[PDB]
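Raw target-v2.cif, mmCIF, C-alpha atoms:
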```
data_final
loop_
_atom_site.label_atom_id
_atom_site.label_comp_id
_atom_site.auth_asym_id
_atom_site.auth_seq_id
_atom_site.Cartn_x
_atom_site.Cartn_y
_atom_site.Cartn_z
CA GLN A 1 90.38 83.76 125.84
CA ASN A 2 92.97 86.02 124.23
CA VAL A 3 93.03 86.53 120.46
CA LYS A 4 95.80 85.27 118.19
CA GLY A 5 94.20 86.29 114.90
CA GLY A 6 95.07 85.69 111.27
CA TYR A 7 93.48 86.80 108.00
CA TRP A 8 93.49 84.70 104.84
CA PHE A 9 92.24 85.34 101.32
CA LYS A 10 92.17 82.93 98.36
CA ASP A 11 94.24 85.10 95.99
CA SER A 12 97.12 85.10 98.50
CA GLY A 13 98.22 81.82 96.91
CA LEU A 14 98.38 79.87 100.17
CA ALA A 15 96.23 76.75 99.91
CA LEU A 16 93.48 76.53 102.51
CA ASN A 17 94.86 73.15 103.64
CA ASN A 18 98.29 74.69 104.26
CA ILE A 19 97.18 77.31 106.80
CA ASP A 20 98.92 76.38 110.05
CA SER A 21 95.94 76.87 112.33
CA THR A 22 97.94 75.69 115.38
CA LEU A 23 99.42 79.20 115.57
CA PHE A 24 96.06 80.98 115.85
CA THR A 25 92.91 81.12 117.97
CA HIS A 26 90.80 82.87 115.32
CA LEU A 27 91.09 82.77 111.54
CA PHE A 28 89.36 85.32 109.32
CA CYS A 29 88.21 84.24 105.85
CA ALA A 30 88.23 87.29 103.56
CA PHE A 31 86.04 88.55 101.93
CA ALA A 32 82.31 88.01 101.63
CA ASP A 33 80.60 90.64 99.46
CA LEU A 34 77.50 92.81 99.51
CA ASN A 35 74.93 92.11 96.81
CA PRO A 36 73.58 95.65 96.26
CA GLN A 37 70.36 94.43 94.60
CA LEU A 38 69.29 92.20 97.50
CA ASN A 39 71.23 94.06 100.20
CA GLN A 40 72.40 90.64 101.35
CA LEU A 41 75.77 89.17 102.18
CA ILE A 42 76.96 86.74 99.51
CA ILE A 43 80.09 84.82 98.49
CA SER A 44 81.46 85.27 94.96
CA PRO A 45 81.65 82.30 92.55
CA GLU A 46 85.47 82.41 92.77
CA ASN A 47 85.38 82.23 96.59
CA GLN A 48 82.55 79.68 96.92
CA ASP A 49 84.54 76.41 96.91
CA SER A 50 87.18 77.52 99.42
CA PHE A 51 84.84 79.48 101.73
CA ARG A 52 82.50 76.49 102.07
CA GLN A 53 85.43 74.31 103.18
CA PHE A 54 87.31 76.97 105.19
CA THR A 55 86.15 76.06 108.69
CA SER A 56 86.24 72.26 108.40
CA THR A 57 89.66 72.35 106.69
CA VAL A 58 91.43 74.64 109.18
CA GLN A 59 89.91 72.67 112.08
CA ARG A 60 91.63 69.50 110.80
CA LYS A 61 94.98 70.96 111.91
CA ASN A 62 93.51 72.58 115.04
CA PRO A 63 89.99 71.58 116.18
CA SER A 64 89.99 74.43 118.74
CA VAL A 65 90.48 77.22 116.17
CA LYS A 66 87.46 79.47 115.60
CA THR A 67 86.60 81.07 112.26
CA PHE A 68 85.22 84.40 111.06
CA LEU A 69 83.66 85.34 107.77
CA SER A 70 85.13 88.76 106.98
CA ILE A 71 83.06 91.24 104.99
CA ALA A 72 83.82 93.99 102.44
CA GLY A 73 87.52 94.88 102.72
CA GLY A 74 89.62 97.48 100.92
CA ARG A 75 88.33 96.77 97.40
CA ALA A 76 84.61 96.88 98.25
CA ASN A 77 82.21 99.56 97.01
CA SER A 78 81.71 101.77 100.06
CA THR A 79 78.64 103.51 98.60
CA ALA A 80 76.83 100.15 98.46
CA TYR A 81 77.36 99.77 102.22
CA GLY A 82 76.20 103.35 102.80
CA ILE A 83 73.00 102.58 100.88
CA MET A 84 72.51 99.33 102.82
CA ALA A 85 72.99 101.05 106.20
CA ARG A 86 70.62 103.93 105.31
CA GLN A 87 67.31 102.12 105.91
CA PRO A 88 65.89 99.57 108.39
CA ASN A 89 64.74 97.19 105.62
CA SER A 90 68.14 96.92 103.92
CA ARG A 91 69.94 96.68 107.28
CA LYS A 92 67.62 93.80 108.21
CA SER A 93 68.16 91.84 104.98
CA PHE A 94 71.93 92.31 105.36
CA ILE A 95 71.92 91.30 109.04
CA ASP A 96 69.67 88.26 108.50
CA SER A 97 71.61 87.00 105.48
CA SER A 98 74.96 87.37 107.28
CA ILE A 99 73.77 85.28 110.23
CA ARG A 100 72.30 82.60 107.93
CA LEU A 101 75.48 82.44 105.85
CA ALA A 102 77.79 82.19 108.87
CA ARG A 103 75.73 79.30 110.30
CA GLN A 104 75.47 77.54 106.92
CA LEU A 105 79.24 77.53 106.39
CA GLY A 106 80.22 76.84 110.01
CA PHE A 107 81.71 80.25 110.83
CA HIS A 108 81.67 81.16 114.53
CA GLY A 109 81.77 84.89 113.82
CA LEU A 110 81.22 87.78 111.43
CA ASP A 111 83.84 90.49 110.90
CA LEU A 112 82.84 93.76 109.21
CA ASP A 113 85.70 95.40 107.30
CA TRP A 114 83.96 98.47 105.90
CA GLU A 115 86.81 100.64 104.66
CA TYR A 116 85.42 103.20 104.99
CA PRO A 117 82.06 104.90 105.63
CA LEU A 118 82.14 107.98 103.41
CA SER A 119 80.22 110.52 105.50
CA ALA A 120 79.23 111.36 109.07
CA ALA A 121 75.73 110.10 108.20
CA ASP A 122 77.24 106.76 107.12
CA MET A 123 79.15 106.56 110.42
CA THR A 124 75.91 107.21 112.33
CA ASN A 125 74.14 104.54 110.27
CA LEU A 126 76.99 102.11 110.96
CA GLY A 127 76.28 102.69 114.67
CA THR A 128 72.61 101.83 114.11
CA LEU A 129 73.55 98.78 112.02
CA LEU A 130 75.71 97.40 114.84
CA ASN A 131 72.93 97.98 117.39
CA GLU A 132 70.52 95.94 115.26
CA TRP A 133 73.11 93.30 114.30
CA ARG A 134 73.94 92.61 117.95
CA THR A 135 70.24 92.33 118.84
CA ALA A 136 69.69 89.89 115.95
CA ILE A 137 72.76 87.82 116.91
CA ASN A 138 71.58 87.59 120.53
CA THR A 139 68.07 86.62 119.37
CA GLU A 140 69.40 83.89 117.03
CA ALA A 141 71.43 82.46 119.94
CA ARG A 142 68.39 82.48 122.24
CA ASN A 143 66.10 80.83 119.66
CA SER A 144 68.57 78.15 118.49
CA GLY A 145 70.04 77.43 121.95
CA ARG A 146 73.51 77.84 120.43
CA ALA A 147 76.37 80.08 121.55
CA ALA A 148 76.06 83.53 119.95
CA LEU A 149 78.04 84.34 116.82
CA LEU A 150 80.96 86.65 117.48
CA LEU A 151 80.78 90.10 115.90
CA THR A 152 83.91 92.14 115.21
CA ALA A 153 85.09 94.88 112.88
CA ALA A 154 88.38 95.89 111.30
CA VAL A 155 88.80 99.61 111.93
CA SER A 156 91.36 102.32 111.21
CA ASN A 157 94.31 102.89 113.55
CA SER A 158 92.59 106.04 114.86
CA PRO A 159 88.84 106.35 115.62
CA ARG A 160 88.88 109.40 113.34
CA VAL A 161 89.31 108.38 109.69
CA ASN A 162 89.21 110.78 106.72
CA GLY A 163 87.96 113.47 109.13
CA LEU A 164 85.07 111.28 110.32
CA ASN A 165 84.50 109.89 113.81
CA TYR A 166 83.50 106.24 114.12
CA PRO A 167 80.33 105.54 116.16
CA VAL A 168 82.61 104.61 119.06
CA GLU A 169 79.84 104.03 121.64
CA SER A 170 78.11 101.54 119.33
CA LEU A 171 81.42 99.80 118.55
CA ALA A 172 82.20 99.47 122.28
CA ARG A 173 78.73 98.21 123.19
CA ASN A 174 77.96 95.88 120.29
CA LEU A 175 81.22 94.28 119.18
CA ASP A 176 83.12 91.48 120.87
CA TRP A 177 86.26 93.34 119.78
CA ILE A 178 87.77 95.63 117.16
CA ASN A 179 90.67 94.66 114.92
CA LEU A 180 92.93 97.73 114.85
CA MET A 181 94.54 98.25 111.46
CA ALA A 182 97.88 99.46 112.81
CA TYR A 183 99.52 99.46 109.38
CA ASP A 184 99.36 101.31 106.04
CA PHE A 185 100.23 104.57 107.86
CA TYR A 186 102.43 105.48 104.89
CA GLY A 187 102.93 103.89 101.48
CA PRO A 188 104.34 104.96 98.12
CA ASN A 189 100.85 104.92 96.56
CA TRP A 190 99.62 107.69 98.91
CA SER A 191 102.75 109.25 100.47
CA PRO A 192 105.26 108.85 97.61
CA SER A 193 107.77 111.59 98.44
CA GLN A 194 109.44 110.25 101.59
CA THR A 195 110.20 106.92 103.21
CA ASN A 196 108.41 105.93 106.41
CA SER A 197 107.61 102.94 108.58
CA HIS A 198 104.11 101.88 107.55
CA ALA A 199 103.30 100.24 110.90
CA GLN A 200 105.56 101.90 113.53
CA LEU A 201 104.49 101.18 117.12
CA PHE A 202 105.80 104.58 118.29
CA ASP A 203 106.19 107.94 116.55
CA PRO A 204 107.78 110.82 118.52
CA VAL A 205 107.62 112.99 115.37
CA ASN A 206 103.95 113.01 114.28
CA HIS A 207 102.24 110.56 116.69
CA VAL A 208 101.12 108.39 113.77
CA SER A 209 101.66 104.98 115.34
CA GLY A 210 100.06 101.81 116.71
CA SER A 211 100.46 102.98 120.31
CA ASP A 212 98.93 106.38 119.51
CA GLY A 213 96.09 104.56 117.74
CA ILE A 214 95.46 102.35 120.77
CA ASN A 215 95.50 105.46 122.98
CA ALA A 216 93.01 107.31 120.77
CA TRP A 217 90.61 104.34 120.85
CA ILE A 218 90.96 104.15 124.65
CA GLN A 219 90.35 107.90 124.97
CA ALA A 220 87.24 107.47 122.81
CA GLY A 221 85.82 105.08 125.43
CA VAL A 222 86.48 101.66 123.89
CA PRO A 223 87.76 99.29 126.60
CA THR A 224 91.30 97.89 126.37
CA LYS A 225 89.93 94.31 126.48
CA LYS A 226 88.06 94.97 123.21
CA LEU A 227 91.22 95.95 121.30
CA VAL A 228 93.19 93.57 119.08
CA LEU A 229 96.33 95.01 117.47
CA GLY A 230 96.97 94.36 113.78
CA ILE A 231 100.46 93.36 112.67
CA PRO A 232 101.48 93.38 108.99
CA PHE A 233 103.16 90.41 107.27
CA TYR A 234 104.00 92.71 104.34
CA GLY A 235 105.58 96.07 103.58
CA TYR A 236 106.16 98.72 100.94
CA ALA A 237 109.05 99.61 98.65
CA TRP A 238 109.93 103.23 97.82
CA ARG A 239 112.41 104.54 95.27
CA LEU A 240 114.98 106.78 97.00
CA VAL A 241 115.88 110.10 95.38
CA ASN A 242 119.41 109.74 96.77
CA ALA A 243 120.78 106.28 97.63
CA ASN A 244 123.02 107.90 100.27
CA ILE A 245 119.99 109.17 102.20
CA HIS A 246 118.17 106.10 103.44
CA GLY A 247 116.75 106.62 106.93
CA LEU A 248 113.16 107.39 107.88
CA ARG A 249 111.67 110.40 106.06
CA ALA A 250 114.28 110.11 103.28
CA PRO A 251 113.27 111.91 100.06
CA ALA A 252 111.60 109.47 97.68
CA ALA A 253 110.06 109.26 94.20
CA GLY A 254 107.11 106.92 94.77
CA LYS A 255 106.99 103.15 94.37
CA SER A 256 110.03 101.01 93.64
CA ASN A 257 109.80 98.42 90.85
CA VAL A 258 110.95 95.74 93.33
CA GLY A 259 107.46 95.98 94.85
CA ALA A 260 104.00 95.38 93.35
CA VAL A 261 103.15 97.35 90.20
CA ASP A 262 100.03 98.95 91.72
CA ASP A 263 101.13 100.00 95.23
CA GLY A 264 104.76 98.91 95.80
CA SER A 265 103.65 96.28 98.32
CA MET A 266 105.64 93.11 99.06
CA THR A 267 104.88 90.20 101.37
CA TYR A 268 107.28 89.68 104.25
CA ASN A 269 108.47 86.45 102.62
CA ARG A 270 109.24 88.32 99.37
CA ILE A 271 111.12 91.00 101.35
CA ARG A 272 113.16 88.35 103.18
CA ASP A 273 114.14 86.79 99.83
CA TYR A 274 115.01 90.25 98.48
CA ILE A 275 117.27 90.96 101.47
CA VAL A 276 119.19 87.73 100.79
CA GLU A 277 119.50 88.21 97.01
CA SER A 278 120.39 91.92 97.06
CA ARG A 279 122.55 91.82 100.22
CA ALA A 280 120.32 94.65 101.48
CA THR A 281 121.26 96.49 104.65
CA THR A 282 118.63 95.93 107.35
CA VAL A 283 117.74 98.26 110.21
CA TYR A 284 115.71 97.64 113.33
CA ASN A 285 114.73 101.06 114.65
CA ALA A 286 114.27 100.80 118.42
CA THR A 287 112.61 104.22 118.76
CA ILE A 288 109.70 103.45 116.43
CA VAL A 289 109.69 99.63 116.76
CA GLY A 290 109.83 98.83 113.06
CA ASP A 291 112.20 97.50 110.41
CA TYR A 292 113.43 98.66 107.06
CA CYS A 293 116.02 97.65 104.51
CA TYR A 294 117.77 99.37 101.64
CA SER A 295 119.83 98.43 98.60
CA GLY A 296 120.80 100.99 95.97
CA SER A 297 117.79 103.24 95.43
CA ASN A 298 115.33 100.73 96.95
CA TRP A 299 113.96 101.19 100.47
CA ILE A 300 111.42 98.89 102.13
CA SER A 301 109.40 99.20 105.37
CA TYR A 302 108.18 96.00 107.09
CA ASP A 303 107.94 94.12 110.41
CA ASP A 304 110.57 91.49 111.20
CA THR A 305 111.05 89.18 114.21
CA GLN A 306 112.19 91.76 116.77
CA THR A 307 109.37 94.16 115.84
CA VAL A 308 106.72 91.42 116.06
CA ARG A 309 108.08 90.18 119.41
CA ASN A 310 108.16 93.73 120.79
CA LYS A 311 104.66 94.62 119.54
CA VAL A 312 103.18 91.44 121.04
CA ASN A 313 104.92 92.01 124.39
CA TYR A 314 103.76 95.64 124.36
CA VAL A 315 100.06 94.86 123.84
CA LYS A 316 100.15 91.91 126.26
CA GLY A 317 101.69 94.18 128.91
CA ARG A 318 98.98 96.79 128.32
CA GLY A 319 96.20 94.22 128.72
CA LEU A 320 94.80 94.30 125.19
CA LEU A 321 92.76 91.31 124.06
CA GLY A 322 95.41 90.17 121.59
CA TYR A 323 96.81 90.66 118.10
CA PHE A 324 96.04 89.68 114.52
CA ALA A 325 98.09 89.28 111.35
CA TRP A 326 97.31 90.66 107.91
CA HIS A 327 97.80 88.29 106.24
CA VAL A 328 98.95 84.73 106.98
CA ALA A 329 100.33 83.92 103.51
CA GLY A 330 102.80 86.82 103.84
CA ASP A 331 104.77 84.99 106.53
CA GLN A 332 108.05 83.17 105.84
CA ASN A 333 107.59 79.51 106.85
CA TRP A 334 105.31 80.59 109.74
CA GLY A 335 108.23 82.45 111.39
CA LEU A 336 106.41 85.62 112.44
CA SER A 337 103.24 83.70 113.31
CA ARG A 338 105.23 81.45 115.66
CA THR A 339 107.14 84.41 117.10
CA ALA A 340 103.85 86.19 117.84
CA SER A 341 102.13 83.15 119.35
CA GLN A 342 105.04 82.04 121.53
CA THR A 343 105.79 85.61 122.64
CA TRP A 344 102.19 85.97 123.81
CA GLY A 345 102.27 82.49 125.35
CA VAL A 346 99.25 81.11 127.19
CA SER A 347 96.15 82.19 125.26
CA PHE A 348 93.80 82.92 128.19
#
```
Would you write out, as structure tokens, the structure that this file holds?
Amino acid sequence: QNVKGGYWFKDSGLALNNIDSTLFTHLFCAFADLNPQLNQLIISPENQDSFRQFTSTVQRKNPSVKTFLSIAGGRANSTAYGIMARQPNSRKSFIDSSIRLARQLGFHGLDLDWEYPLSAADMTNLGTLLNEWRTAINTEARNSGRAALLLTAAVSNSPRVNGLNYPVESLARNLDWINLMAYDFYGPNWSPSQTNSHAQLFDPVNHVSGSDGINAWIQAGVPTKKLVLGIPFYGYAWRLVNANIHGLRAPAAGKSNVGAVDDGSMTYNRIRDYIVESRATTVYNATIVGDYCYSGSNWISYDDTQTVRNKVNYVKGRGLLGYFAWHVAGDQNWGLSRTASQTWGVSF
């Protein structure tokens, strides 16, 4: 089976019951948290009610959809995970609790989104964690007579992140697949001084791209059939220094007030509305495979229909396992989700 993946989180505003699970093969419920006292996977009080109903609810619209409990994410305390991974006892309590929790709530898989291990030692310990997690998953399957839980991880676009190599052999051996975060390459909260496509498939300038990411993972020894390409249903708004200069790499002054206060982010649906209301000029750039729009001193990078279609065709043609979307609520009336699914076509 190929992967048509989608991430959801409660604070996205999309009701659990309104996720169109017909457009996906796998849905990721984000995020479960690490209790640093117990070194166990838990679900926060705020997430409890929805997470407990996640699987049964989404299966009402599509009984064949499979679900993952996603772990950690961008807002998690990385040092807590480093501590957990440091010792066999804390790895075991984490592993055992994750398996129990997945089974209890009906999840068919666990997805580790540790963003990111802080040192080379942490990366090594992640490798060890995955070795032990796989063994425990296989053992639980053998003892219960049930099909094994799936185990995946969301990882950076490149297997080298913040100057640190992932434990690529362990990832390749132990995971059913990796979810490649082929987005957030650039953003006004970290690269404020020029515009850029945050998710470009190609990059002849600096080779910071989804295709270059895929290639780096392949070169690192991870098989093509264990790669799932991330596609963003959101973008970022920069403030242009000069409204007349509005291409890629245009001088900028950080985040635009049309985007989120913290990072300038905007869901795809918000961007689409903005384009209509502002009469923004839109550009599909065929070289990079990415979209942007501009109006006055506002400039926004995102993926629209043509980009999504082209990315999906590209990874299908290259024999990757599939794609996933971060995140489903960002779509405009399921437009990009449907484009992606129908472009891929038959899911096996």
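Here atom CA of residue 43 of chain A and atom CA of residue 71 of chain A stand 9.6 Å from one another.
With distances restricted to only C-alpha atoms, A:177 is the closest residue to residue 217 of chain A from A:326, A:344, A:274, A:177.
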Expected selection from the PyMOL selection byres ((chain A and resi 74) around 8), given as a ChimeraX atom specification: /A:72-73,75-76,113-115
Take the residues from that selection and write them out as a PDB file, in the frame of the given file, keeping C-alpha atoms.
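This went into selection-v8.pdb:
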```
ATOM      1  CA  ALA A  72      83.820  93.990 102.440  1.00  0.00           C
ATOM      2  CA  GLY A  73      87.520  94.880 102.720  1.00  0.00           C
ATOM      3  CA  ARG A  75      88.330  96.770  97.400  1.00  0.00           C
ATOM      4  CA  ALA A  76      84.610  96.880  98.250  1.00  0.00           C
ATOM      5  CA  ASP A 113      85.700  95.400 107.300  1.00  0.00           C
ATOM      6  CA  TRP A 114      83.960  98.470 105.900  1.00  0.00           C
ATOM      7  CA  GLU A 115      86.810 100.640 104.660  1.00  0.00           C
TER       8      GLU A 115
END
```
Target residues per the PyMOL selection byres ((chain A and resi 138-155) around 6), formatted as a list in words: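 Going through the file, the PyMOL selection byres ((chain A and resi 138-155) around 6) ends up selecting residues 108, 109, 110, 111, 112, 113, 135, 136, 137, 156, 175, 176, 177, 178, 179, 180 and 181 of chain A.
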Using only C-alpha atoms, what residues lie at most 8 Å away from (112.2, 98.9, 111.2) (file coordinates), given as a short mmCIF file (atom, residue, chain, number, x, y, z; two decimals) with C-alpha atoms, in the coordinates of the input?
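For reference, part.cif as written:
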```
data_model
loop_
_atom_site.label_atom_id
_atom_site.label_comp_id
_atom_site.auth_asym_id
_atom_site.auth_seq_id
_atom_site.Cartn_x
_atom_site.Cartn_y
_atom_site.Cartn_z
CA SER A 197 107.61 102.94 108.58
CA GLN A 200 105.56 101.90 113.53
CA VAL A 283 117.74 98.26 110.21
CA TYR A 284 115.71 97.64 113.33
CA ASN A 285 114.73 101.06 114.65
CA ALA A 286 114.27 100.80 118.42
CA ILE A 288 109.70 103.45 116.43
CA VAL A 289 109.69 99.63 116.76
CA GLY A 290 109.83 98.83 113.06
CA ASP A 291 112.20 97.50 110.41
CA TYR A 292 113.43 98.66 107.06
CA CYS A 293 116.02 97.65 104.51
CA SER A 301 109.40 99.20 105.37
CA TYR A 302 108.18 96.00 107.09
CA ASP A 303 107.94 94.12 110.41
CA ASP A 304 110.57 91.49 111.20
CA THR A 307 109.37 94.16 115.84
#
```
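Across the structure, atom CA of residue 125 of chain A and atom CA of residue 82 of chain A are spaced 7.8 Å apart.
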